>>> print(open('target11.csv').read())   # CSV, C-alpha atoms (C1' of nucleotides)
chain,number,residue,atom,x,y,z
A,2,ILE,CA,0.0,0.0,0.0
A,3,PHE,CA,2.8,2.4,1.1
A,4,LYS,CA,5.9,2.3,-1.1
A,5,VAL,CA,9.0,4.5,-1.1
A,6,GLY,CA,9.1,7.2,-3.7
A,7,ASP,CA,5.3,7.3,-4.1
A,8,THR,CA,3.5,10.7,-4.3
A,9,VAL,CA,0.8,10.0,-1.8
A,10,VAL,CA,-2.1,12.4,-1.0
A,11,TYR,CA,-2.4,13.5,2.7
A,12,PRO,CA,-5.2,15.7,3.9
A,13,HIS,CA,-5.4,18.7,4.1
A,14,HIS,CA,-1.9,19.4,2.7
A,15,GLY,CA,-2.6,17.7,-0.6
A,16,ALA,CA,0.5,16.0,-2.2
A,17,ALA,CA,3.0,14.6,0.2
A,18,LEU,CA,6.1,12.8,-1.0
A,19,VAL,CA,7.2,9.9,1.2
A,20,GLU,CA,10.8,9.5,2.2
A,21,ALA,CA,11.2,6.4,4.4
A,22,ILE,CA,9.9,4.6,7.5
A,23,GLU,CA,11.3,4.5,11.1
A,24,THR,CA,10.9,2.0,13.9
A,25,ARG,CA,10.5,4.8,16.5
A,26,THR,CA,9.8,2.3,19.3
A,27,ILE,CA,7.3,3.8,21.8
A,28,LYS,CA,5.9,2.0,24.8
A,29,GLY,CA,8.2,-0.9,23.7
A,30,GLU,CA,6.4,-1.1,20.4
A,31,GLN,CA,8.3,-0.5,17.2
A,32,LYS,CA,5.3,1.3,15.8
A,33,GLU,CA,6.1,1.9,12.1
A,34,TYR,CA,6.2,5.6,11.4
A,35,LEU,CA,6.4,6.5,7.7
A,36,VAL,CA,7.6,10.0,6.9
A,37,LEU,CA,5.9,12.4,4.4
A,38,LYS,CA,7.2,15.8,3.2
A,39,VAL,CA,4.9,18.4,1.7
A,40,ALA,CA,6.4,21.0,-0.7
A,41,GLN,CA,3.9,23.7,0.5
A,42,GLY,CA,4.9,24.0,4.2
A,43,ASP,CA,8.2,22.2,4.0
A,44,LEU,CA,7.2,20.1,7.1
A,45,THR,CA,7.7,16.4,7.8
A,46,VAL,CA,4.7,14.3,9.1
A,47,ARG,CA,5.3,10.8,10.5
A,48,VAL,CA,2.2,8.6,10.5
A,49,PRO,CA,1.6,5.0,11.6
A,50,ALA,CA,0.8,2.7,8.7
A,51,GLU,CA,-1.7,0.6,10.7
A,52,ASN,CA,-4.0,3.6,11.2
A,53,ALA,CA,-2.6,5.7,8.3
A,54,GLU,CA,-5.9,5.3,6.4
A,55,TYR,CA,-7.8,6.3,9.5
A,56,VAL,CA,-6.2,9.8,9.4
A,57,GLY,CA,-7.2,10.1,5.7
A,58,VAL,CA,-4.0,9.6,3.7
A,59,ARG,CA,-4.8,8.5,0.2
A,60,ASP,CA,-2.7,7.6,-2.8
A,61,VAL,CA,-2.7,9.5,-6.1
A,62,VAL,CA,-6.2,9.2,-7.6
A,63,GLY,CA,-6.5,7.7,-11.0
A,64,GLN,CA,-8.2,9.0,-14.1
A,65,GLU,CA,-11.7,7.9,-12.9
A,66,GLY,CA,-11.6,10.6,-10.3
A,67,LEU,CA,-10.3,13.0,-12.9
A,68,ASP,CA,-13.3,12.5,-15.2
A,69,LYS,CA,-15.6,12.5,-12.2
A,70,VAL,CA,-14.3,16.0,-11.1
A,71,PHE,CA,-14.7,17.3,-14.7
A,72,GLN,CA,-18.3,16.1,-14.9
A,73,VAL,CA,-19.0,17.5,-11.4
A,74,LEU,CA,-17.5,20.8,-12.6
A,75,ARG,CA,-20.3,20.5,-15.3
A,76,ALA,CA,-23.0,19.8,-12.7
A,77,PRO,CA,-25.6,22.6,-12.8
A,78,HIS,CA,-28.6,23.5,-10.7
A,79,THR,CA,-26.9,24.2,-7.3
A,80,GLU,CA,-28.8,26.1,-4.6
A,81,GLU,CA,-27.6,27.1,-1.2
A,82,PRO,CA,-29.4,28.3,2.0
A,83,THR,CA,-30.3,31.9,2.1
A,84,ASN,CA,-28.1,32.9,5.1
A,85,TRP,CA,-24.5,33.5,4.2
A,86,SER,CA,-23.4,32.0,7.5
A,87,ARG,CA,-25.0,28.6,6.9
A,88,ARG,CA,-23.6,28.2,3.4
A,89,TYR,CA,-20.1,29.4,4.6
A,90,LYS,CA,-20.2,26.7,7.3
A,91,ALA,CA,-21.4,24.1,4.8
A,92,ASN,CA,-18.6,24.8,2.3
A,93,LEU,CA,-16.0,25.1,5.1
A,94,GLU,CA,-17.0,21.6,6.4
A,95,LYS,CA,-17.0,20.4,2.8
A,96,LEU,CA,-13.4,21.6,2.5
A,97,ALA,CA,-12.4,20.1,5.9
A,98,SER,CA,-13.8,16.7,4.9
A,99,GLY,CA,-10.9,16.5,2.4
A,100,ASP,CA,-13.1,14.7,-0.2
A,101,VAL,CA,-11.8,15.8,-3.6
A,102,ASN,CA,-15.4,16.0,-5.0
A,103,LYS,CA,-16.7,18.2,-2.2
A,104,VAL,CA,-13.8,20.7,-2.3
A,105,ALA,CA,-14.1,20.8,-6.1
A,106,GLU,CA,-17.8,21.6,-5.9
A,107,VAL,CA,-17.1,24.3,-3.3
A,108,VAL,CA,-14.3,25.8,-5.5
A,109,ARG,CA,-16.4,25.9,-8.6
A,110,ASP,CA,-19.5,27.2,-6.9
A,111,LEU,CA,-17.6,30.0,-5.1
A,112,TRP,CA,-15.6,30.9,-8.2
A,113,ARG,CA,-18.7,31.2,-10.4
A,114,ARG,CA,-20.4,33.3,-7.7
A,115,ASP,CA,-17.3,35.6,-7.3
A,116,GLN,CA,-17.0,36.0,-11.1
A,117,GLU,CA,-20.8,36.6,-11.2
A,118,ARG,CA,-20.7,39.7,-9.1
A,119,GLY,CA,-17.8,39.8,-6.7
A,120,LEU,CA,-18.2,39.0,-3.0
A,121,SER,CA,-15.7,39.6,-0.2
A,122,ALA,CA,-12.3,38.8,1.2
A,123,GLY,CA,-13.1,35.8,3.4
A,124,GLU,CA,-14.7,34.0,0.4
A,125,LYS,CA,-11.7,35.0,-1.6
A,126,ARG,CA,-9.4,33.4,0.9
A,127,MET,CA,-11.4,30.2,1.0
A,128,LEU,CA,-11.5,30.1,-2.8
A,129,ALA,CA,-7.7,30.7,-3.0
A,130,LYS,CA,-6.9,27.9,-0.6
A,131,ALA,CA,-9.2,25.4,-2.1
A,132,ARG,CA,-8.1,26.2,-5.6
A,133,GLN,CA,-4.5,25.9,-4.6
A,134,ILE,CA,-5.0,22.4,-3.1
A,135,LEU,CA,-7.1,21.3,-6.0
A,136,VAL,CA,-4.5,22.5,-8.6
A,137,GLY,CA,-1.7,20.7,-6.8
A,138,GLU,CA,-3.8,17.5,-6.5
A,139,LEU,CA,-4.6,17.6,-10.2
A,140,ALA,CA,-1.0,18.4,-11.2
A,141,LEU,CA,0.0,15.2,-9.5
A,142,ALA,CA,-3.1,13.4,-10.7
A,143,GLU,CA,-1.7,13.6,-14.2
A,144,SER,CA,1.8,14.7,-13.3
A,145,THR,CA,1.0,17.7,-15.5
A,146,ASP,CA,2.9,20.2,-13.2
A,147,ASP,CA,1.4,23.1,-11.3
A,148,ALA,CA,1.5,25.7,-14.0
A,149,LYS,CA,-0.1,23.5,-16.7
A,150,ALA,CA,-2.4,22.2,-13.9
A,151,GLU,CA,-3.5,25.8,-13.3
A,152,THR,CA,-4.1,26.3,-17.0
A,153,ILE,CA,-6.1,23.1,-17.4
A,154,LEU,CA,-8.2,24.2,-14.5
A,155,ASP,CA,-8.7,27.5,-16.2
A,156,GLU,CA,-9.8,26.0,-19.5
A,157,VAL,CA,-12.1,23.3,-17.9
A,158,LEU,CA,-13.9,25.8,-15.7
A,159,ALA,CA,-15.0,27.6,-18.9
A,160,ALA,CA,-17.2,24.7,-20.0
B,1,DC,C1',-14.3,52.8,80.0
B,2,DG,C1',-8.1,52.6,79.0
B,3,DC,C1',-4.3,50.3,76.5
B,4,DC,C1',-2.8,47.9,72.4
B,5,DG,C1',-2.4,46.4,67.6
B,6,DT,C1',-3.4,46.9,62.8
B,7,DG,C1',-4.8,49.4,58.6
B,8,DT,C1',-4.7,53.7,56.0
B,9,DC,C1',-3.1,58.4,54.4
B,10,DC,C1',0.4,62.1,53.5
B,11,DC,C1',5.1,63.7,53.2
B,12,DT,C1',9.8,63.4,51.6
B,13,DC,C1',14.9,70.8,48.0
B,14,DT,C1',15.7,74.3,43.8
B,15,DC,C1',17.2,75.1,39.0
B,16,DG,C1',19.0,73.3,34.5
B,17,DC,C1',20.5,70.0,30.0
B,18,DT,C1',19.9,66.1,26.5
B,19,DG,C1',16.7,62.8,23.4
B,20,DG,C1',12.9,58.3,22.3
B,21,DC,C1',-16.1,37.7,10.6
B,22,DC,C1',-19.7,38.8,6.4
B,23,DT,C1',-24.5,40.3,4.2
B,24,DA,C1',-28.6,43.4,3.2
B,25,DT,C1',-31.4,48.2,3.7
B,26,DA,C1',-32.2,52.8,4.1
B,27,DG,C1',-30.7,57.2,4.5
B,28,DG,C1',-27.4,61.4,4.6
B,29,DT,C1',-23.3,63.7,2.4
B,30,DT,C1',-20.6,65.7,-1.3
B,31,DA,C1',-18.7,66.3,-5.9
B,32,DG,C1',-19.6,67.6,-10.1
B,33,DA,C1',-21.7,69.9,-13.9
B,34,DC,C1',-25.7,73.1,-15.7
B,35,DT,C1',-28.0,77.4,-15.5
B,36,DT,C1',-28.6,81.8,-13.6
B,37,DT,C1',-27.0,86.1,-11.8
B,38,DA,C1',-24.3,89.7,-9.6
B,39,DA,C1',-19.7,91.2,-10.9
B,40,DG,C1',-15.5,92.8,-13.2
B,41,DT,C1',-14.0,94.9,-17.7
B,42,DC,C1',-13.2,97.5,-22.3
B,43,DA,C1',-14.3,100.7,-26.0
B,44,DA,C1',-16.0,105.1,-27.6
B,45,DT,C1',-17.7,109.9,-26.2
B,46,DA,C1',-19.1,114.3,-24.5
B,47,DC,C1',-18.3,118.1,-21.5
>>> encode(input="target11.csv", output="structure tokens")
Amino acid sequence: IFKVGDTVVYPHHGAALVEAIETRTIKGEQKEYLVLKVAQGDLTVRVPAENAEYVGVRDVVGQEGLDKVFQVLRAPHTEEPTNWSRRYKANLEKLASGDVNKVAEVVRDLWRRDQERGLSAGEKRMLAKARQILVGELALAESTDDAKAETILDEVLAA
DNA sequence: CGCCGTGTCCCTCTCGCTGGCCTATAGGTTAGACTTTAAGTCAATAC
């Protein structure tokens, strides 16, 4: 499941290159602690393989998720609760879930709304963060690189 | 009704120098140009 040199996805930092694994015996138990490095924060995260999936670490998603997110980007007829607070909480929880589909839907909806009439700074921050993580994830999804990943995001949002 | 202990308040000189969250509504304000008017100006003239 976990192999050296694999570009594994760890939430909510997106891509996270593995380096190695260490015994790190604690309580007399050589609990395996595999080490990930994320290029965004330049931090190392050591996680246990036995419950690694419990935290939410996932491998690079294939092309099935790629076409899924494209189709979802072409999913119309979205309505939100009237109050701004409720919809903000909903999309923030959607981002926190780490599900690629949920964050993609949040990003697209917020971007279409912002481009519709322009909103605010907090929504802008949410959109920037979510778009950043999505572009990184897609870049590694097809190893298409961050710049070309941003451009493909920019063409596909056009529909 | 005295003596004692504790808490509180006021005082502690003069002069001088250098520098260190977000959204939606309704209402008031001003700026900007248009139109009017009192105002400043020039040219020729007569005594």
>>> atom_distance(input="target11.csv", atom1="CA of residue 121 (chain A)", atom2="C1' of residue 22 (chain B)")
7.8 Å
>>> interface_residues(input="target11.csv", of="chain B", to="chain A", cutoff="12 Å", atoms="all atoms listed in the file", output="MDAnalysis selection string")
chainID B and resid 21:24
>>> closest_atom_pairs(input="target11.csv", of="region 29-115 of chain A", to="region 127-132 of chain A", cutoff="7 Å", atoms="only C-alpha atoms", output="CSV")
residue,atom,partner,partner_atom,distance
A:104,CA,A:131,CA,6.6
A:108,CA,A:128,CA,5.8
A:111,CA,A:128,CA,6.5
A:112,CA,A:128,CA,6.8
>>> closest_residue(input="target11.csv", among="A:61, A:3, A:56, A:98", to="residue 36 (chain A)", atoms="all atoms listed in the file")
A:3
>>> atom_distance(input="target11.csv", atom1="CA of residue 30 (chain A)", atom2="CA of residue 53 (chain A)")
16.5 Å
>>> atom_distance(input="target11.csv", atom1="CA of residue 11 (chain A)", atom2="CA of residue 74 (chain A)")
22.7 Å
>>> residues_around(input="target11.csv", residues="residue 157 (chain A)", least_positions_apart="4", cutoff="10 Å", atoms="all atoms listed in the file", output="ChimeraX atom specification")
/A:71-72,74-75,152-153
>>> closest_residue(input="target11.csv", among="A:60, A:146, A:117, A:106", to="residue 79 (chain A)", atoms="all atoms listed in the file")
A:106
>>> residues_around(input="target11.csv", residues="residue 150 (chain A)", least_positions_apart="3", cutoff="9 Å", atoms="all atoms listed in the file", output="list in words")
residues 136, 137, 138, 139, 140, 141, 143, 144, 145, 146, 147, 153, 154 and 155 of chain A
>>> write_last_selection(input="target11.csv", atoms="C-alpha atoms", output="PDB file, keeping the file's coordinate frame")
ATOM      1  CA  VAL A 136      -4.500  22.500  -8.600  1.00  0.00           C
ATOM      2  CA  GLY A 137      -1.700  20.700  -6.800  1.00  0.00           C
ATOM      3  CA  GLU A 138      -3.800  17.500  -6.500  1.00  0.00           C
ATOM      4  CA  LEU A 139      -4.600  17.600 -10.200  1.00  0.00           C
ATOM      5  CA  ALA A 140      -1.000  18.400 -11.200  1.00  0.00           C
ATOM      6  CA  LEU A 141       0.000  15.200  -9.500  1.00  0.00           C
ATOM      7  CA  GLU A 143      -1.700  13.600 -14.200  1.00  0.00           C
ATOM      8  CA  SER A 144       1.800  14.700 -13.300  1.00  0.00           C
ATOM      9  CA  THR A 145       1.000  17.700 -15.500  1.00  0.00           C
ATOM     10  CA  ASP A 146       2.900  20.200 -13.200  1.00  0.00           C
ATOM     11  CA  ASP A 147       1.400  23.100 -11.300  1.00  0.00           C
ATOM     12  CA  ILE A 153      -6.100  23.100 -17.400  1.00  0.00           C
ATOM     13  CA  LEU A 154      -8.200  24.200 -14.500  1.00  0.00           C
ATOM     14  CA  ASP A 155      -8.700  27.500 -16.200  1.00  0.00           C
TER      15      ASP A 155
END
